[PDB]
């Protein structure tokens, strides 16, 4: 669970830290025979090439089983100012394994194969901070920040994929290019 909280999102229907969908793994393999978060990540790594995986945005965008574009967030909301410290801040700590990434329009500015280990302490109590995030491209016209997170979790011994998506419009100081 969680959303990028800084820069601040706007909400369409409800403020919520929920996933957009919770689905079976899309890649056939031995998810449930693996153990721990390490096993979930290793299964993902093993299956990704045969499934033509590039990045989470490519996996989710236009793929109906991943649900609504932008999740619960409103891309037509009031634009937020980029943070001045090269970060984005999550709403809580990160407590599920799996890859996540941040885009500013069509520029991927941050990516990690396991955001849980990279950006938090595995507790929901400690706020996760994404860094480095270079917002400079947003000067020309602002930008849409997009966050994608494919959380891997076991629910009663059964692996699921949870999709988290945010769209956060950001301000910019100069004309579009």
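Numbering follows the first chain given and starts at 1.
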query: Average Cα temperature factor in the PDB entry - higher stretch of 137-145, 55-63; finding: 137-145
query: Segment of higher mean CA temperature factor, 108-116 or 39-47; finding: 39-47
query: Residue, from 166, 162, 10, 159, that the PDB entry assigns the highest Cα B-factor; finding: 159
query: Within-chain third of residue 86 by Cα B-factor, per the entry; finding: lowest
query: Residue 75 CA temperature factor, ranked by third within the chain; finding: middle
